[PDB]
Each structure stands twice: as structure tokens, then as C-alpha cells.
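Report on the structure given below.
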Amino acid sequence: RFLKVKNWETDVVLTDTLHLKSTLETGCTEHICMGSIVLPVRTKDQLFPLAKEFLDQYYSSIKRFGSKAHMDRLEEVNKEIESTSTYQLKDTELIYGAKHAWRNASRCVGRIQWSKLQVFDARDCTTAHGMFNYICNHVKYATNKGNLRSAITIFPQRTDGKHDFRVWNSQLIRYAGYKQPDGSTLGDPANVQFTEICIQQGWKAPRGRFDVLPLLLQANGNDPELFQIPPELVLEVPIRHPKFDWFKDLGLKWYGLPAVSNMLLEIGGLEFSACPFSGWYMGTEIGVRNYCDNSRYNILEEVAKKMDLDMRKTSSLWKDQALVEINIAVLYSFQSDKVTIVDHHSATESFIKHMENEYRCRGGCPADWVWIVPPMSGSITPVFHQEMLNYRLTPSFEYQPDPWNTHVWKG
Amino acid sequence: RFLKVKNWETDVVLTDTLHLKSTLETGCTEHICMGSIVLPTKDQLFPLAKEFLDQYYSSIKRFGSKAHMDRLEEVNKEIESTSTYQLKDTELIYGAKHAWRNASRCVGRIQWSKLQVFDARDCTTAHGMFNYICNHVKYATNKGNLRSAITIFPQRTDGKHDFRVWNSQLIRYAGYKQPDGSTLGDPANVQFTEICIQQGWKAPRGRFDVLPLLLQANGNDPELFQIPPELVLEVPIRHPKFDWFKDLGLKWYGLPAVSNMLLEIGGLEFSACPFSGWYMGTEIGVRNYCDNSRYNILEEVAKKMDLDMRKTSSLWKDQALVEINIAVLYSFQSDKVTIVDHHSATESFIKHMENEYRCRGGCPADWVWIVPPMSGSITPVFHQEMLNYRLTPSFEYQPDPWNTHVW
Ligand code: HEM
Ligand code: HEM
Ligand SMILES: CNCc1cccc(OCc2ccc3ccc(N)nc3c2)c1
Ligand SMILES: CNCc1cccc(OCc2ccc3ccc(N)nc3c2)c1
Ligand SMILES: C[C@H](O)[C@H](O)[C@H]1CNc2nc(N)[nH]c(=O)c2N1
Ligand SMILES: C[C@H](O)[C@H](O)[C@H]1CNc2nc(N)[nH]c(=O)c2N1
Ligand SMILES: [Zn+2]
């Protein structure tokens with residue numbers, strides 16, 4: 001069964017055959033669409049077919065489907081599963097898996113880069129200190145003095161779910177958030193809960209507006225431990241505006257390396273609960289969401305005052321105006337410091353090309369319109385006018401519950 | 001089976017039971033979501049009638065009453081007899097208001113109950129239709145103090161006697177393809193502008209020519225009619241800081257009056273039911289003016305502002321897009337023509353959502369359409385989880401008449 005998507009700006013029609021290889025559920029039914037819903041210990045019983053499907057995929061990709069190497073590998077995995085209840089991926093399979101998980105991430109606009117991913121195998125890691133070391137190396141390699149390089153570090157896979165490796169931080173580098181007695185928030189409100197945990201775990205908080213959070217690291221199902229990323233490894237960028245000289249006085253900065261660390265990587269049925277990965281920022285992530293979301297730094301007001309906009313009526317579009325200047329400032333600051341960033345026009349334009357290439361070479365490209373379209377200026381980017389089809393392929397990146405809600409404390 | 005939606009800005013969680021009433025299909029499946037896809041007999045009829053009458057009589061607190069049962073009996077008999085049936089005025093008004101109430105893509109639904117319904121089911125000719133439409137336009141315009149309205153033409157019989165308004169809106173600008181390769185006026189209307197000419201229209205070949213009406217009564221061939229200019233309220237577009245803006249020669253009409261949809265009530269089909277409300281600023285400034293496949297004026301506006309259009313990263317398009325949208329709102333408000341900005345409208349919709357969750361058990365909503373085409377995440381709807389599902393009465397898309405007309 002074939003499915004067509006239409007770009008309403010170009011009338012380019014594309015045909016999806018890849019959605020047929022999809023197994024996992026969407027949340028949607030014939031009677032309801034959950035397209036805008038944010039989020040809608042395993043036995044041998046289901047493991048081998050999941051392993052087999054992955055290995056069929058891998059061996060097709062390397063043009064060896066049906067080969068003796070293919071068959072022997074299938075046999076070998078089967079035996080290891082029934083003997084040990086799990087299996088180990090080869091390095092080749094791991095690398096292939098991680099890249100394909102990124103390729104399959106329907107909410108990621110940056111996927112044109114998917115084949116250039118540096119995979120760090122951390123499956124020999126055993127302790128939190130070991131995790132700290134690997135992560136430091138990840139940060140140094142990925143940052144590369146501002147010339148950012150996509151990377152992922154993969155810690156050991158889940159066994160019984162009682163020995164999980166987890167990075168408790170949602171991103172490797174994030175700023176602290178502190179709730180004040182007067183109800184106000186100092187720093188990043190998104191991080192208040194996590195900041196509190198760190199403080200409780202013994203972190204001495206400087207209590208500033210931009211304190212880089214410590215790493216909270218869990219190895220082998222043990223209680224997490226605190227570590228401080230060496231500051232010389234944390235690249236930051238002062239935010240100024242090219243024409244507005246007062247903008248620097250807002251005292252804003254951001255870190256250069258977006259490195260998501262709370263997701264779960266699924267490959268051939270194996271679960272990698274600690275797999276921190278990094279790319280580089282699209283400007284709007286910082287300039288629209290991180291600064292201008294009301295539940296975040298929320299600086300639209302102060303920026304608007306300083307611009308002397310008519311803030312009396314919303315129909316002056318003072319919010320829109322201030323939002324653009326902040327986003328201009330973010331891009332300017334990063335470019336000026338030679339730190340890799342991409343604007344939402346460039347990234348969406350690249351995504352469309354990538355998407356079309358994926359349709360031709362792969363039979364489709366699953367894409368979540370709700371997340372692909374940038375959070376400002378939607379319809380003046382070409383993704384807005386692009387019909388997309390959303391469905392789930394493995395290998396994949398999945399959400400997982402926050403470890404503090406599930407963890408069994410050792411003491 | 002009882003579904004929750006969360007607002008991630010406020011943590012407010014609403015619970016949806018209304019979705020369980022849904023009948024029609026979304027296009028999505030368990031394996032694939034089609035949320036961003038633009039277009040996904042007597043025995044059929046009586047359950048459809050029943051369902052509607054059931055909800056109508058429940059709405060007036062007379063569910064399971066003599067009046068209810070009688071009407072059910074009467075309609076059942078009339079279906080058995082006539083192979084169709086007619087709505088009571090009360091049912092017609094209720095049905096139309098609820099079609100709007102159910103329009104999951106409409107951000108303006110907080111106004112749903114205040115719809116003026118014009119029953120035009122006595123209409124027999126295109127001239128008649130023209131008269132009715134002129135009355136609608138005049139009433140809804142109200143000298144700039146716009147009032148929502150719908151005019152309902154006779155329901156489908158055997159699909160050979162269809163009433164249709166061939167225009168997609170009662171008021172739209174013509175589009176012409178030049179030999180020069182470009183396009184003058186509105187590119188979206190190039191084909192319809194052609195069919196007007198093919199049918200006998202005399203285009204002024206301008207840039208903002210109000211298109212004539214193309215009216216089809218009783219399945220007959222469509223006829224042309226020129227809306228009295230005095231009934232077409234237009235707004236010259238000027239910027240409250242940039243005096244050069246007026247030299248762009250831009251204007252827009254005050255009355256958005258969608259005329260190409262199909263109204264379904266109780267299984268009955270109204271192929272001709274033009275309706276109108278008032279504009280959200282972005283509809284004109286973002287989509288109509290700055291869409292590449294539309295007036296596409298971003299380039300020229302940017303130049304006039306002397307922005308560094310060398311690199312996308314200067315965000316010059318974004319800057320121009322804002323000012324353009326400032327100007328649209330400024331012009332309408334100055335001329336006292338009703339308009340709403342995307343902030344006010346989205347805020348209103350959140351309140352309406354909460355009202356509906358509170359008083360109806362939910363509110364079908366298509367995030368992809370509700371979130372405005374600029375400044376998305378600084379409007380409250382962006383952070384609002386929504387559930388999309390189809391309820392009846394409803395407005396539906398329908399094929400363009402020319403692709404279908406048995407001439
Ligand atoms: C290299 C430059 C990259 C750019 C510019 C980019 C861009 C983005 C953006 C803007 C989002 C939406 C984030 C949000 O609004 O919350 C996103 C989501 C996502 N990205 Fe990428 N990305 C890049 C690299 C990567 C890499 C290297 C990976 C993994 C190896 C990845 C995997 C994902 C996943 C799984 C999501 C969905 C997150 C979720 O479900 O909440 N991306 N990306
Ligand atoms: C009174 C003020 C109103 C406002 C501000 C408003 C706003 C909007 C907007 C912005 C859209 C998106 C349209 C687009 O991007 O093309 C829309 C769609 C829609 N509106 Fe409303 N509207 C109003 C009144 C009405 C009325 C009176 C009706 C019917 C009686 C209606 C029915 C619909 C329907 C069916 C759609 C979806 C059409 C489609 O699927 O393309 N609206 N509305
Ligand atoms: C539930 N949504 C919030 C949430 C929770 C957990 C991870 C996450 O990731 C967003 C994300 C993921 C990967 C990215 C890679 C690069 C980049 N510039 N941004 C990126 C942003 C987002
Ligand atoms: C599918 N998009 C094109 C298309 C086809 C058919 C109807 C339609 O109408 C959109 C629409 C409908 C009703 C509206 C009422 C008020 C308003 N300001 N805009 C409105 C916009 C739009
Ligand atoms: C409710 C809604 O689904 C939610 O706010 C989503 C919308 N689209 C998004 N898109 C991106 N890229 N990132 C996000 O966090 C969100 N949030
Ligand atoms: C491809 C995509 O579905 C298309 O551009 C949609 C997206 N959202 C929209 N939203 C509104 N309000 N109006 C539209 O015409 C569209 N078009
Ligand atoms: Zn869906």
C-alpha cells in the first residue's frame with residue numbers, strides 16, 4: 001500500500017512505502033489523532049525476533065542479506081539469547097544502530113546529518129567515575145573549540161532493569177534553577193526540580209542565574225554520584241545584539257553544546273538507558289523556547305521595554321518584534337564566536353532536501369510536523385507547507401521516566 | 001478510553017469524554033499519523049437523522065419526550081415516504097451553529113453560539129442566490145462592525161440538482177498568468193479567474209480585481225454576477241511607522257466568507273452554505289501576503305526596509321513578516337474594520353477550550369491548524385495538547401464544481 005504526501009507550495013508529490021516497515025504504535029486511531037500529544041527487564045520470548053529484524057536490516061544495508069556471515073550471526077545471537085537471555089552487539093552493529101535511531105527520529109529536523117555521527121562505545125564502563133570520564137571526553141570531542149561534531153556515548157545496556165546505567169541530567173550541560181521564597185525563580189525554571197536533587201545530593205549551589213549543573217551519574221543500578229564538568233570544557237557564548245548595545249547588559253549567555261542525555265536508545269530489542277548524544281543548536285531552541293517561553297527565562301518583557309515598543313496592546317505585535325531581535329542576537333553571538341549554530345530557515349530547507357532524498361533512496365522519511373515546524377515564523381519556512389507522515393521505526397530513541405521517580409535507593 | 005490533554009506551560013490537565021461520541025474517521029491509524037495531511041440511501045439516512053435529533057432534543061432538555069419521539073416518528077415517516085426529509089428552522093439553526101462548534105480547525109469558535117443563520121432554502125435560481133448573497137454580505141459587513149453569518153441554500157436531492165457557489169470565498173481578488181512568466185493578482189485564483197473568463201467575465205486585468213460571483217442553482221449551469229462595489233468593504237494597507245509602505249499598493253477586503261464547503265446536518269447535505277466571520281491578522285499578513293505561492297511580497301518589503309538579505313541568518317524575512325503583520329492590524333483597526341490578532345484569538349480559544357471541556361466534555365482541535373503561522377510558541381495554543389476527531393454536524397470539503405459539473 002502506497003501513501004502520498006504533497007508539498008502545497010511546490011505541488012511536489014512524494015510516495016511512501018517505508019511506513020509498511022513500521023510496527024510500533026502511534027497513539028492515533030481511525031477515530032482520534034494524538035498528533036499533538038507530547039508523550040502518548042524483558043524476556044527471551046520477544047527478544048530474538050527483534051534481534052532478527054535488526055540483523056536482517058543491518059545485513060541488507062551492507063549488501064550481505066542471506067550470506068553465511070548473516071546466517072552465522074543470526075545463529076550466534078540465537079544461542080547467546082537462549083544461553084544468557086540477552087546478547088551483545090558487534091561494534092559495527094552498534095554504530096549502525098545508533099545512526100539509524102537518529103535517522104528514524106521523526107521529531108528531528110537535523111537529520112540530514114545522520115550518517116556523520118561519532119559513536120563512542122562505553123560498554124566497558126562500570127562505575128560513575130568511569131561514566132564521568134567518558135562524558136568529559138564526549139564533551140571535549142563534540143565541542144572541538146566551537147566547531148561542533150555530532151557524537152553519542154553508549155553505556156552498557158539494560159539487563160534486569162535493576163542495574164541500569166542512567167545519566168540523571170536531561171542534558172549534559174544545563175543551567176540551575178532555584179525557586180525563591182517569594183515565588184520567583186532564579187536561573188532556568190525548567191531545571192528547578194533537578195537542581196534541588198543535586199543540592200540534596202550535596203551539590204554546593206553558587207545560586208547564580210547561569211550556574212552549570214553538576215553531572216549526576218548512575219552506574220550499574222547504584223545510587224547516582226555528583227561530578228563537576230571541568231569549566232574549561234564547558235563552552236559558553238555571551239549574547240549580544242548587532243545593533244542594540246544594551247542587549248549585552250541583559251547579562252545573557254548560553255552554552256554551545258546541546259547534549260540530550262535522558263533518552264533511551266533501542267537497538268535490536270536491546271535497551272541502552274544511558275546514551276547521551278549531542279549535535280548543535282538551531283537558533284530558535286535558545287532564542288524562542290529557552291529565553292521566551294513564559295515557563296523559561298521569559299525575557300520578552302524586558303527586551304520589549306528596552307526597545308520601547310507599544311506594550312499596551314498585544315495587537316502592536318511587540319511580543320513578535322522582541323522575539324525576532326532576541327533570535328537575531330543568538331545567531332549573531334554564536335556566529336561571532338565561531339560556535340556552530342544553524343538558523344531555522346537553513347535547517348528547514350536542509351530538512352526538505354533530506355526528506356526528499358530519503359523518499360527516493362529509502363521509500364520514505366517519518367516526520368512529526370508538530371515538532372519539525374519551527375516555533376516562530378512557521379509558514380515562511382518550507383516545512384510548514386510540507387505534508388508529512390509520522391510513524392515509528394526501530395532502531396529508535398525513546399522517552400523514559402525520570403530516574404528519581406523509579407530508582408531504588410541503596411542508601 | 002477517557003483521554004487527558006495537558007498544557008505544558010500551565011500544567012493544567014483537561015479530561016476528554018466527548019471524543020467517544022465521534023463517528024467519522026481521522027485518516028490516522030495505529031501505525032501512521034496523518035495529522036499534517038490537508039485532505040485525508042434511506043437506510044443510511046434515518047440513523048443519521050436520529051443521531052442528530054437525539055442530540056438536538058437533549059440540548060433543549062427534552063430528551064425522551066413526546067415532542068422528541070413524535071419528531072423522530074415524523075422524520076422516520078417522511079424519510080420512508082419522501083426518501084429524504086426537511087429540517088425545522090430550529091434544527092437548522094442548531095445544526096449550523098454546531099457545525100461551527102465542531103470545526104476542529106477553527107480558532108474562532110468561542111463565538112460559535114452567536115451565528116446569524118439565513119435560511120435560503122426557498123431559493124430556486126442563481127439570481128435568487130445572488131440576492132441572498134448580497135443580503136448576507138451587507139448584513140455581515142455591517143459597515144465594518146462585522147457579524148458572523150451563514151446563508152443556507154437548498155439541501156442536496158439526487159446530486160444532479162446541486163446548488164453551488166463556485167467561488168471559494170464570496171470575495172476574492174483575481175489572478176492572471178502573464179506571458180512574462182510571472183503572475184498578476186492572486187495566484188491561488190488563477191484557475192477560477194480563467195473559468196470566469198471562459199464563462200464570459202470581462203477582467204480589468206488588474207492586481208486587486210474583486211472576482212464576480214459564479215452561482216449554480218438546481219444543478220443548472222453557473223451564472224456570473226458582480227457584487228455591488230458599495231457592499232465590498234476593503235482596507236488600504238499602511239504601516240504606522242513606514243510611510244513608504246502605502247506605495248506598495250496593497251489592500252485587502254474586510255469580509256472573509258468561505259463559500260466552497262459542504263454543511264452536513266442529520267445526514268442532509270448543504271453543498272451551498274457560504275459563511276463568514278472576521279479575519280485573524282495573520283491570515284492576510286502571513287499567509288496571503290507572504291506565502292510564496294501567493295502575493296509573495298516579502299522580498300520587496302525587505303528591500304524597502306533595506307535589510308541585509310544576503311544571509312538567511314539575519315532573519316530579515318522574520319523582521320519583514322512582523323512589520324507586514326503590524327501594518328495589516330493597524331490598517332483594519334484604523335478604518336474600524338473588525339479584526340483579531342493571533343495573540344488575542346489564541347488566548348480566546350484557550351478559554352473556549354476550557355469552557356467546552358467544562359460544559360461539554362471536550363473540544364475537537366487540530367493543533368496543526370490552530371497554531372498561527374507566525375510566532376507559534378509565544379501563543380498559548382502551542383503548549384496546549386489537543387485531541388482531533390470528527391463530530392457532526394460538520395463542515396466538509398467538497399470537490400470543485402468544474403471538475404464535477406455535468407455541463
Ligand atoms: C547536529 C545538529 C542537530 C540539530 C540542529 C537538531 C535539531 C533538533 C531540534 C530543533 C529538535 C527539536 C528539539 C525541541 O524543540 O525540543 C530535535 C529533536 C530531536 N533530535 Fe535532533 N538535532 C541535531 C542532531 C541530533 C543528533 C546527533 C541526534 C541523536 C544522535 C538527534 C536526535 C533527536 C531526537 C531523538 C529528537 C526528538 C526529541 C524529543 O522527542 O523530544 N538530533 N533536533
Ligand atoms: C468570527 C471570527 C472567526 C475567526 C477569527 C476564525 C478563524 C479561523 C482561522 C484563522 C482558520 C484557519 C483558516 C486558514 O488558515 O485558512 C479557520 C478555519 C475554519 N473556520 Fe473559523 N473563524 C471565524 C468564524 C467562523 C465561522 C462563522 C465559521 C462557520 C460558520 C467558521 C468555520 C471554520 C471552518 C470549517 C474552518 C476550517 C476550514 C478548513 O478546514 O480549511 N469560522 N477559522
Ligand atoms: C518531552 N520533550 C522535551 C524533551 C525531553 C527529552 C529530550 C528532548 O530532546 C529535545 C532535543 C533532542 C535532541 C537534540 C539534538 C540537537 C539539538 N539542537 N536539539 C535537540 C533537542 C526533549
Ligand atoms: C484547506 N485550506 C483551504 C481552504 C479550503 C476551504 C475552506 C477554507 O476555509 C478556511 C477558513 C474558513 C472559515 C474562516 C472564517 C473566518 C476566518 N477569519 N477565516 C476562515 C478561514 C480553506
Ligand atoms: C502541546 C505540543 O504538542 C507541545 O507544546 C510541543 C509542540 N511542538 C514542539 N516542537 C518542538 N520542536 N519542541 C517542542 O517542545 C514542542 N512542543
Ligand atoms: C502541509 C500543511 O498541512 C499545510 O501547510 C497546513 C498546515 N497548517 C495550516 N494551518 C492553517 N490555519 N491554515 C492552513 O492552510 C494550514 N496549512
Ligand atoms: Zn494522528
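Letters A, B, ... go to the chains of the C-alpha cells in the order shown; residues in each chain start at 1; ligands are counted from 1 in the same order.
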Show me which residues line ligand 1, defined as having an atom within 7 Å of a ligand atom where only C-alpha atoms and all ligand atoms count, and present them as a PyMOL selection string. chain A and resi 98-99+102+105+107-111+113-114+117+150-152+277-282+285+342+347+371+397
Counting only C-alpha atoms, chain A residues within 8 Å of chain B, as a short mmCIF file (atom, residue, chain, number, x, y, z; two decimals) with C-alpha atoms, in the first residue's frame:
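The resulting file, iface_0.cif, is shown below:
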data_model
loop_
_atom_site.label_atom_id
_atom_site.label_comp_id
_atom_site.auth_asym_id
_atom_site.auth_seq_id
_atom_site.Cartn_x
_atom_site.Cartn_y
_atom_site.Cartn_z
CA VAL A 5 2.40 13.47 0.67
CA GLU A 9 3.88 25.38 -2.05
CA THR A 10 5.59 23.42 -4.88
CA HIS A 19 5.68 3.10 6.52
CA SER A 22 6.61 0.24 10.77
CA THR A 23 5.48 -1.88 13.74
CA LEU A 24 5.29 0.32 16.88
CA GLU A 25 2.06 2.25 17.65
CA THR A 26 1.44 5.99 17.11
CA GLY A 27 -1.19 6.76 19.72
CA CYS A 28 -3.64 7.55 16.93
CA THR A 29 -6.70 5.63 15.80
CA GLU A 30 -9.23 5.77 12.96
CA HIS A 31 -11.31 7.89 15.34
CA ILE A 32 -8.76 10.11 17.04
CA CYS A 33 -5.49 11.88 16.24
CA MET A 34 -3.00 12.33 19.05
CA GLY A 35 -0.57 14.12 16.76
CA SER A 36 -0.15 16.95 19.29
CA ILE A 37 0.27 14.82 22.44
CA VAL A 38 3.86 15.16 23.79
CA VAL A 288 12.36 31.28 21.09
CA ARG A 289 11.98 28.46 23.63
CA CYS A 292 10.95 33.46 25.57
CA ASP A 293 8.75 30.61 26.76
CA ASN A 294 6.84 32.02 29.75
CA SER A 295 7.86 28.95 31.81
CA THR A 314 -0.92 42.86 22.04
CA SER A 315 -2.04 43.89 18.53
CA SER A 316 1.13 46.02 18.36
CA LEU A 317 2.88 42.66 17.98
CA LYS A 319 5.99 40.23 21.55
CA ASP A 320 6.64 39.17 17.96
CA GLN A 321 9.04 42.08 17.40
CA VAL A 324 12.82 38.35 16.37
CA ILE A 328 18.85 37.68 15.74
CA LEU A 331 22.61 33.78 15.87
CA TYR A 332 24.89 36.84 15.77
CA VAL A 342 22.02 26.92 12.38
CA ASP A 343 19.11 29.29 11.68
CA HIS A 345 15.46 28.83 7.57
CA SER A 346 18.66 26.94 6.73
CA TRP A 369 5.11 18.13 11.58
CA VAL A 370 4.20 19.43 15.05
CA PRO A 375 8.36 27.77 16.99
CA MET A 376 8.49 31.16 15.24
CA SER A 377 7.73 32.23 11.66
CA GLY A 378 6.31 28.82 10.81
CA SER A 379 4.80 29.41 7.37
CA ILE A 380 7.81 31.30 5.97
CA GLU A 387 2.70 17.22 4.24
CA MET A 388 4.43 14.62 6.41
CA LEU A 389 3.72 11.11 7.60
CA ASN A 390 4.56 10.14 11.15
CA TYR A 391 5.28 6.56 12.18
CA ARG A 392 7.80 4.69 14.31
#
For residue 279 of chain B, which of B:302, B:328, B:184, B:99 is the closest residue, counting only C-alpha atoms?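 Residue with the minimum atom-to-atom distance to residue 279 of chain B: B:328.
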Hey, what's within 6 Å of residue 234 of chain B if we count only C-alpha atoms and toss same-chain stuff fewer than 5 positions away? As an MDAnalysis selection string, please? chainID B and resid 252:254
Just to confirm, what's the straight-line distance from atom CA of residue 156 of chain A to atom CA of residue 123 of chain A in Å (one decimal)? 4.4 Å
Neighbours of segment 200-202 of chain A within 12 Å (only C-alpha atoms; same-chain residues fewer than 4 positions away dropped), as a list in words? residues 193, 194, 195, 196, 214, 215, 216, 217, 223, 224, 225, 226, 227, 228, 404 and 411 of chain A
Would you mind exporting C-alpha atoms of the selected residues as a JSON list (two decimals), in the first residue's frame?
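Once everything was written out, this is out-v1.json:
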[["chain", "number", "residue", "atom", "x", "y", "z"],
["A", 193, "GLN", "CA", 13.45, 20.11, 40.33],
["A", 194, "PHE", "CA", 16.74, 18.67, 39.13],
["A", 195, "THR", "CA", 18.71, 21.50, 40.81],
["A", 196, "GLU", "CA", 17.02, 20.60, 44.11],
["A", 214, "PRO", "CA", 26.86, 19.06, 38.05],
["A", 215, "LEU", "CA", 26.60, 15.67, 36.39],
["A", 216, "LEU", "CA", 24.51, 13.21, 38.42],
["A", 217, "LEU", "CA", 25.61, 9.78, 37.27],
["A", 223, "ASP", "CA", 22.88, 5.40, 43.69],
["A", 224, "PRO", "CA", 23.92, 8.35, 41.45],
["A", 225, "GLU", "CA", 27.09, 10.36, 42.19],
["A", 226, "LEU", "CA", 27.93, 14.04, 41.72],
["A", 227, "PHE", "CA", 30.68, 15.29, 39.42],
["A", 228, "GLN", "CA", 31.64, 18.74, 38.19],
["A", 404, "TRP", "CA", 14.37, 9.80, 40.55],
["A", 411, "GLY", "CA", 21.43, 4.35, 50.91]]
Using only C-alpha atoms and all ligand atoms, which residues of the polymer chains come no farther than 6 Å from ligand 2? I'd like the answer as JSON, numbers by chain. {"B": [100, 103, 105, 106, 107, 108, 148, 149, 150, 275, 276, 277, 278, 279, 280, 283, 395]}
One residue among A:307, A:192, A:154, A:367 is nearest to ligand 7 when using only C-alpha atoms and all ligand atoms, and that residue is A:367
Would you work out the distance separating atom CA of residue 52 of chain B from atom CA of residue 266 of chain B, expressed in Å to one decimal?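 So the two atoms, atom CA of residue 52 of chain B and atom CA of residue 266 of chain B, lie 5.0 Å apart.
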